[PDB]
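Have a look at the structure below before the remarks.
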Amino acid sequence: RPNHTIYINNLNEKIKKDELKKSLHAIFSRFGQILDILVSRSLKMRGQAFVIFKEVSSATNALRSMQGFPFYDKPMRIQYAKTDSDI
RNA sequence: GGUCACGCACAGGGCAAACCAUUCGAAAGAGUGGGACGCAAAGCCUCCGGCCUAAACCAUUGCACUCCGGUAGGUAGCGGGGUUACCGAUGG
Ligand SMILES: Nc1nc2c(ncn2[C@@H]2O[C@@H]3COP(=O)(O)O[C@H]4[C@@H](O)[C@H](n5cnc6c(=O)[nH]c(N)nc65)O[C@@H]4COP(=O)(O)O[C@H]3[C@H]2O)c(=O)[nH]1
Ligand SMILES: [Mg+2]
Ligand SMILES: [Mg+2]
Ligand SMILES: [Mg+2]
Ligand SMILES: [Mg+2]
């Protein structure tokens with residue numbers, strides 16, 4: 001189940017792309033090295049985020065310590081992602 | 001001369017990009033004033049395609065690393081199409 005990238009769900013869809021990036025970057029940065037944060041506001045990608053950590057241990061700590069977290073008045077739903085391509 | 005085209009001019013000229021000031025706007029962008037990159041319809045119109053914006057509303061819980069909700073607004077100086085018009089190369 002565990003993975004380098006975490007998949008963040010049920011996000012407030014009214015927050016702009018670049019404010020959400022910055023807000024996620026300042027929150028999850030303490031858990032470990034963040035490679036990139038994937039956020040877009042298209043129909044299929046609304047309310048969603050992919051936070052990529054350099055190591056799984058930091059991602060597991062990120063997933064468990066902040067699951068169900070109140071974020072812009074919405075519960076954060078964290079599960080693992082399936083395949084981190086990029087490069 | 002008319003009409004429909006056309007732009008090698010002539011002639012009166014017309015408009016105004018970027019930038020700046022200011023107003024409106026959530027934004028894209030628009031108005032007004034200065035200002036000219038250009039423009040033979042760079043006059044006018046969102047009917048079709050593209051591009052740009054996302055405040056409100058409706059819809060959407062969606063696994064991405066081409067891009068993509070409806071809607072609403074915008075660009076006519078992004079094309080196409082519609083419409084109106086000045087000059088007239090011994091002009092076609
Ligand atoms: N009266 C008239 N004359 C025409 C027309 N078409 C061509 N000409 C003549 O041909 C010249 C070159 O035209 P252009 O290559 O379209 O190049 C033009 C054009 O791009 C632009 N321009 C000038 N006036 C206008 C205008 O009222 N509307 C537009 N869209 N462009 C203009 O400036 C350039 C130079 O203009 P000019 O010194 O007048 O010089 C013009 C003019 O003498 C027309 O429909 N009516
Ligand atoms: Mg002249
Ligand atoms: Mg002016
Ligand atoms: Mg003409
Ligand atoms: Mg308009």
Side-chain angles (χ1 to χ4, degrees):
Chain A
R1 279 177 277 257
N3 193 279
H4 285 270
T5 306
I6 55 154
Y7 175 79
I8 298 164
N9 208 53
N10 197 62
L11 291 162
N12 192 326
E13 293 163 41
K14 278 156 184 173
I15 320 304
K16 286 185 167 190
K17 185 194 78 187
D18 295 305
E19 197 176 53
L20 191 72
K21 267 192 171 185
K22 192 180 172 68
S23 288
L24 287 166
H25 212 101
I27 288 302
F28 285 95
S29 49
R30 58 162 280 255
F31 290 111
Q33 312 278 354
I34 291 174
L35 291 166
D36 198 14
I37 296 172
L38 274 294
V39 166
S40 63
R41 303 182 71 197
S42 71
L43 176 74
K44 183 178 179 180
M45 298 309 298
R46 279 164 200 212
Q48 297 161 249
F50 294 84
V51 176
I52 312 165
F53 294 95
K54 205 174 188 70
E55 281 161 316
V56 166
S57 61
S58 52
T60 313
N61 211 304
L63 183 144
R64 290 166 70 175
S65 286
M66 288 197 176
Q67 192 176 38
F69 185 71
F71 195 66
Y72 297 102
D73 290 78
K74 294 216 91 194
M76 200 180 284
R77 306 281 179 170
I78 315 173
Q79 58 186 154
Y80 298 105
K82 299 172 181 188
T83 75
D84 61 356
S85 271
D86 184 1
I87 273 158

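Hydrogens, waters and symmetry mates are skipped; everything else that's a heavy atom, side chains included, is used. Proteins get letters first, then strands, A, B, ... in listed order; numbering begins at 1 in each.
With both ends at atom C1', the span from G80(B) to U75(B) equals 15 Å, rounded to whole Å. Comparing the P positions of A27(B) and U46(B) gives a spacing of 24 Å, expressed to the nearest Å. Between the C1' atoms of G88(B) and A9(B), the separation comes to 9 Å (whole Å). A gap of 37 Å separates the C1' atoms of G70(B) and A41(B), to the nearest Å. To the nearest whole angstrom, the two P atoms, one in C78(B) and one in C51(B), are 14 Å apart. If you take atom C1' in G43(B) and the same atom in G14(B), they sit 10 Å apart, rounded to whole Å. Taking atom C1' on both nucleotides, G73(B) is separated from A28(B) by 8 Å, rounded to a whole Å. Taking atom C1' in both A42(B) and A18(B), one finds a spacing of 15 Å when rounded to whole Å.
Remark: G14(B) pairs with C39(B), satisfying the Watson-Crick or G-U wobble criterion at under 3.5 Å for both atom pairs. For the criterion of Watson-Crick or G-U wobble pairing, both bonds shorter than 3.5 Å, the nucleotides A9(B) and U71(B) do not count as partners. Applying the 3.5 Å cutoff to both bonds, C63(B) and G33(B) do not register as a Watson-Crick or G-U wobble pair. A Watson-Crick or G-U wobble pair links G38(B) with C15(B), each of its two atom distances being under 3.5 Å. Taken as a pair, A55(B) and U60(B) do not qualify under the rule of Watson-Crick (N1-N3 plus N6-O4 or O6-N4) or G-U wobble (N1-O2 and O6-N3), both under 3.5 Å. Nucleotides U32(B) and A21(B) are base-paired: the Watson-Crick or wobble atom pairs both lie closer than 3.5 Å. Geometry at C4(B) and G92(B) meets the Watson-Crick or G-U wobble definition, both required distances lying under 3.5 Å. Applying the 3.5 Å cutoff to both bonds, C47(B) and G79(B) do not register as a Watson-Crick or G-U wobble pair. Between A17(B) and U46(B) there is no base pair of the Watson-Crick or G-U wobble kind with both donor-acceptor distances below 3.5 Å.
Taking the side-chain hydrogen bond (donor to acceptor under 3.5 Å, both in side chains) definition, one finds that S29(A) meets it with nothing, sequence neighbours left out. Applying the side-chain hydrogen bond (donor to acceptor under 3.5 Å, both in side chains) criterion to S23(A), with sequence neighbours excluded, gives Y72(A). Taking the side-chain hydrogen bond (donor to acceptor under 3.5 Å, both in side chains) definition, one finds that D84(A) meets it with nothing, sequence neighbours left out. Residues satisfying the ring-ring contact (aromatic ring centres under 6.0 Å, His included) criterion with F31(A), sequence neighbours excluded, are absent altogether. Residues passing the ring-ring contact (aromatic ring centres under 6.0 Å, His included) test with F71(A): none are found, sequence neighbours excluded.
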Can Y7(A) and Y80(A) be said to form a ring pair (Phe, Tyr, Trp, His ring centres under 6.0 Å), step by step?
CA-CA 5 Å; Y7(A) 175 79; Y80(A) 298 105; over 10 Å; no

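The nearest whole Å value for the distance from the CD1 atom in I15(A) to the P atom in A27(B) is 17 Å. Protein atom CD of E19(A) is 13 Å distant from nucleotide atom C1' of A26(B), rounded to whole Å.
The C1'-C2'-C3'-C4' torsion of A54(B) is negative. Its sugar is therefore classed as south. Using the sign of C1'-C2'-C3'-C4' as the criterion, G14(B) is classed as north-puckered. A16(B) has a negative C1'-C2'-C3'-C4' torsion, placing its sugar in the south range. Using the sign of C1'-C2'-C3'-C4' as the criterion, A76(B) is classed as a south pucker. Nucleotide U46(B) carries a south-puckered sugar, as indicated by a negative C1'-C2'-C3'-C4' torsion.
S58(A) places a side-chain N or O within 3.5 Å of a backbone atom of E55(A) that can act as its donor or acceptor partner.
No stacking contact links strand neighbours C45(B) and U46(B) by the limits of base ring centres under 5.5 angstrom apart and planes under 30 degrees. Judged on ring centres (limit 5.5 Å) and ring planes (limit 30°), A54(B) and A55(B) do not form a stacked step. Adjacent nucleotides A17(B) and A18(B) have six-membered base rings whose centres lie under 5.5 Å apart with planes inclined under 30°, meeting the stacking criterion. Consecutive bases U75(B) and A76(B) are counted as unstacked, their six-membered rings not meeting the limits of centres under 5.5 Å apart and planes tilted under 30°. Stacking between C58(B) and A59(B) holds, as the six-membered ring centres sit under 5.5 Å apart and the ring planes differ by under 30°.
The closest side-chain heavy-atom distance from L11(A) to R46(A) is not below 4.5 Å.
In this model, a donor atom of one side chain and an acceptor atom of the other lie less than 3.5 Å apart for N10(A) and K74(A).
A 3.5 Å limit on both hydrogen-bonding distances identifies no Watson-Crick or G-U partner for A27(B).
In this structure, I15(A) CD1 and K22(A) NZ are separated by 15.0 Å, a value rounded to the nearest 0.5 Å.
In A89(B) the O4'-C1'-N dihedral to the base is within 90° of 0, which defines a syn nucleotide. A11(B) adopts an anti glycosidic conformation, its chi angle falling more than 90° from 0.
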I need a per-nucleotide contact map over nucleotides 61-72 of chain B, read 5' to 3'. Cutoff is protein heavy atoms under 4.0 Å; write B for the base, S for backbone only, - otherwise.
BBBBB---B---

